[PDB]
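Input: a single structure, listed below in structure tokens.
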Amino acid sequence: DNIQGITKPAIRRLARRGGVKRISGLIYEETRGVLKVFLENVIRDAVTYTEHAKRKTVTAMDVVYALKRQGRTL
Amino acid sequence: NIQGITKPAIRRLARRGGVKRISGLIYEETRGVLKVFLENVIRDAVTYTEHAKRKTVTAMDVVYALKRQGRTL
Amino acid sequence: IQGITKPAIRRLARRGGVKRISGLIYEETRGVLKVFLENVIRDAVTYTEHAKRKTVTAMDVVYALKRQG
Amino acid sequence: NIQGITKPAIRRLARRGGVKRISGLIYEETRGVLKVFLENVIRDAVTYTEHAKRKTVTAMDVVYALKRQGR
Amino acid sequence: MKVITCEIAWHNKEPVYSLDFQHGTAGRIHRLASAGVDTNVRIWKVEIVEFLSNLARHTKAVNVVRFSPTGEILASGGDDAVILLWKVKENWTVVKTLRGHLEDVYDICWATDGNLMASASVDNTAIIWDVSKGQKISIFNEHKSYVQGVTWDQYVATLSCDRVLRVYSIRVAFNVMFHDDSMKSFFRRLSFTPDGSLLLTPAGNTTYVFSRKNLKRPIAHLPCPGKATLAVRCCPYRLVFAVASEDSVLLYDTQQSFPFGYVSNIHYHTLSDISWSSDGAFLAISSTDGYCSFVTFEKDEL
Amino acid sequence: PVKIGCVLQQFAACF
Amino acid sequence: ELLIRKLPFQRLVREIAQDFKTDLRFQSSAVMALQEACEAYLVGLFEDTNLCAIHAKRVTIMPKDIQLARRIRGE
Amino acid sequence: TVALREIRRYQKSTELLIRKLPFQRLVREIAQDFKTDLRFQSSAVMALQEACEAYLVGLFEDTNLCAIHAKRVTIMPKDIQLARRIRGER
Amino acid sequence: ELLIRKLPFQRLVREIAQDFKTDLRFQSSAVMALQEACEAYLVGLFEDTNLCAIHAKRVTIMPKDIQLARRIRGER
Amino acid sequence: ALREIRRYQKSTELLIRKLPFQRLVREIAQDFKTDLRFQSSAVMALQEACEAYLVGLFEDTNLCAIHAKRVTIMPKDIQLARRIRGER
DNA sequence: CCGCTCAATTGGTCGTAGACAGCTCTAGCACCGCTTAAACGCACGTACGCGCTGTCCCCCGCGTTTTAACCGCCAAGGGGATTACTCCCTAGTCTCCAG
DNA sequence: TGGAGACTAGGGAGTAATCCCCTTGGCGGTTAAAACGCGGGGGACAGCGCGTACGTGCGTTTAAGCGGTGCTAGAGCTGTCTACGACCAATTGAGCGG
């Protein structure tokens, strides 16, 4: 349930910063799921870049290259 | 010193940038713009680190400094 | 858009410090002007929908300049 | 000119796309969006051809441009 | 008390942001420091205002201007997140650049000995730097919102927009009341007593007074019905201080609980700052409408 | 301009 | 398997080439490559805009749908 | 009016929306889930959280565009499905 | 003073606003401020393109200089 | 030369050498104030962003040069591209 | 592949008629996301013992890339002839600003 | 409701862009090496984070509630995919010339 640790008002504020007005009460599990999916999709690339560098920990730069592969460098 | 940025380094960097022929003193000149860009990005990065009350600079403060510059990559 | 007249642009240029001016620049900067109002008013209407009104304000254009720079 | 990609061609392309019903303004904004998709890909193809000193445009340049686009 | 309204625009109709009177001068002729939205710092002589020097070192608008107790080092705070240390119709040369702020600097405080600088910025952090070394020496980033007030006494007082007052030992010592960001002013500079026994906190409407013994609970609070207080300034036993509201200026004394004098309906915009001179006989008061006015009074209670 | 000399009850102190 | 007819697209690519630069060379293989690429892209665009329409309780597709799909694609 | 107020507050602001250690613990769960004995540098956690923030804000803006095109103000997970599919994700 | 006459500017902003949505009136202050900012942008870009033209050691502006300036600025 | 632009434009690897860029970053931090730890991740980020800045500036100065009917690129183009971007 | 013709027929397309399937608008209904009140609870900071993960600089191993002097040759450039294009009124007009 | 500054049309030409022609420099291989760059092994001193105890309070959580909204049924107009007769560009069949 720690995936649900991303609170309902937290998701609400996140969506609002994107410019939303009214949020359906049943979208929360869906956005939790999509967030988990995206997080897996980027943590995998981070992990492979750490392993290729023969690294036993992951630093901030690795996730940048992971997003670079994803296509949302930031 | 700044001479660490080698002449072939500028050569190949500009070549990836797409130049067919490079002038002769642009090597000595572009180390100046390298100096200027460094003395800005690193300058703001170390202030971001100090604001975080840590004595070790990390990539996140660096990309935040780039965000402030507006050249995030 | 033709309402942006030739010598209005011309003394804009004279303020800009130019001496000799071409011909195609007139409708060229007409087009770039068009794009400028499109993205400025894009941001303005984005903040107007956020504001739930129908009349733009000076704060909207101030934010347009802040977002364009 | 742009009108060469005609109305029935877009019609049958839509039929192959699976959409049952089609409006009119689509017939020309599709032309606009197709010219948009074309000008950048031709631009980049011309870049790689001049970049490799090729007046003739090979299919390898086309697939490289498509890979750059993502299609 | 005589009030004279200056009809001239100090910086070509730019908004009013900060003032600073030369404390080092011990004579009748006073020097005024004027840095505003014009991205330039103009030095004027007041005795009648005559412009003396203009410095355009600041790349952006300057929000806070202040000088050291000796009057020789002038620190200018601007929106470029840099504080320029100025040294000696007049010539001004920047001596040091006290960088270290992540956002625009709002309030600037000095030290009595002149060896330390206290800065406040919109980065929700306090910057303390040593004048001798010119580098930051202590940081207090306990502010959760914009920091718009800081002063140096043994203790350092920091006030932020989060409706919390922070006092730090030269680590945070005490936390203390205020309102939200609805105030239209950009300065909430708290003022300490000349002896340091008392601390004044505006934007509470009322202004609270705390003592050195206990700063957690203020014994008395001076109300500001209508307009809210923005800046507090004390003339450099009995002491006379001044608190500036949004559009009103009141002067209080150490003995009289009620205000000694009240001035209002002078400017059409929100007030920016409050500041007295070294001799206390010159105090020009204005708001952020782009103009200036002067308030003069004798009877100096030497 | 409105000015009151160095002598307001409406602006009293409330403890 | 191709749906857009050949010589109209041949002339189209030739004319955009000339509007870019005069006297350009285009083999038949390159034109078929452009043909399959544009066909795939436009078929995908129509498919996705059809999803966009069928979301809106609507069978037909009108221009708001297509600009929405493009704007979501970010191009 | 509350929504307009907080939009004015937030669209200028850039601080966090999902809290620090909840996201950090979620990162821990997924890390040990796929392969255990990995250490996450807190700077990397902040980086990944910022990336997640941006991705979700972009996706929510796109589903808002979808909703506006659909003529309704309230969002619906159908809109989320459309946004994901039109973007080519899922 | 300003170097662009008004009601052409108000009529053009009216028509574009119309093509986005119907019934968005403006007050004189907003249109005047936006006209000021627009003139400032145009004059700045014009000085920039003037410097670019003199870079090519020809005093006369040409329209290629315009999009060169825009693209170096990263406008498009 | 065009083959050489191809071989690097295809590639992504660093163009500035590792050790002397690292030393340049170290000395630049030195003259600000001493006793700084530079995690090699941050130096990698600096190298990435610095190479990106230079490739972008060189693309723009190439645009400026080809504008001037010159294939070569000179300092004049360098300062003009720096200014036009708004840096100076 | 050009680039262009000289014909055949030949599928491919264009404009017309309109019936109605469907976009758009109206409206009511129920319903289900926004809202303090209050509970809680776990963010969140603060310190702190414990640990291990950047790390260090030395050497050396080597060895690939960088320095640089040489040399052919490509263009940056300066000049001059040539053709095109805004100045400078001249006047109509138009219309925007004024009373 | 009116008329003076100004936009449009145009003659005038005179300056400025544009193209070609040396022309001299100075920039691009390149060869010999070397030398500083890449790697890799240690010591643990000194720095960072992990985890934990406690606070405290700013946040989440529940709810009762009601009203803006999603939508669902019902028209009202409307443009469009039916069929068709017309054009109509034009692929194939052939080239010369390269």
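Numbers here mean position along the shown chain, with the first residue as 1.
Quick reminder: no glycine exception, Cβ is built from N, Cα and C everywhere.
Here's what Swiss-Prot has on this protein:
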MOD_RES   B:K7  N6-lactoyllysine
MOD_RES   B:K7  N6-(2-hydroxyisobutyryl)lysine
MOD_RES   B:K7  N6-propionyllysine
CROSSLNK  B:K7  SUMO2 cross-link
CROSSLNK  B:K7  UFM1 cross-link
MOD_RES   B:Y27  phosphotyrosine
MOD_RES   B:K35  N6-(2-hydroxyisobutyryl)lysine
CROSSLNK  B:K35  SUMO2 cross-link
MOD_RES   B:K53  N6-(2-hydroxyisobutyryl)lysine
MOD_RES   B:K55  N6-butyryllysine
MOD_RES   B:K55  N6-succinyllysine
MOD_RES   B:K55  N6-glutaryllysine
MOD_RES   B:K55  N6-propionyllysine
CROSSLNK  B:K55  SUMO2 cross-link
MOD_RES   B:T56  phosphothreonine
MOD_RES   B:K67  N6-acetyllysine
CROSSLNK  B:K67  SUMO2 cross-link
CROSSLNK  B:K67  ubiquitin cross-link
Just jot down the residues in the same chain as B:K55 (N6-butyryllysine), at least 6 apart in sequence, with C-beta under 8 A of its C-beta; none if empty. B:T49
Cα-nearest neighbour of the residue listed as 'phosphothreonine' within the listed modified residues, B:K7, B:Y27, B:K35, B:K67: B:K67
B:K35 (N6-(2-hydroxyisobutyryl)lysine): which of the modified residues B:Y27, B:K53, B:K67 is the nearest Cα neighbour? B:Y27
With an 8 Å cut-off on Cβ-Cβ distance and a minimum sequence separation of at least 6, pull the same-chain contacts of B:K7 (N6-lactoyllysine), or say none. B:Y27
Do me a favour and check the Cα-Cα span between B:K67 (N6-acetyllysine) and B:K53 (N6-(2-hydroxyisobutyryl)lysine); whole Å is fine. 20
Please state whether DSSP places the residue listed as 'phosphothreonine' in a helix, a strand or coil. strand
Going by a 10 angstroms cut-off between Cβ atoms, which of the modified residues B:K35, B:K53, B:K67 has the sparsest surroundings? B:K53
Could you tell me which of these modified residues, B:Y27, B:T56, has the fewest other Cβ atoms within 10 Å of its Cβ? B:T56
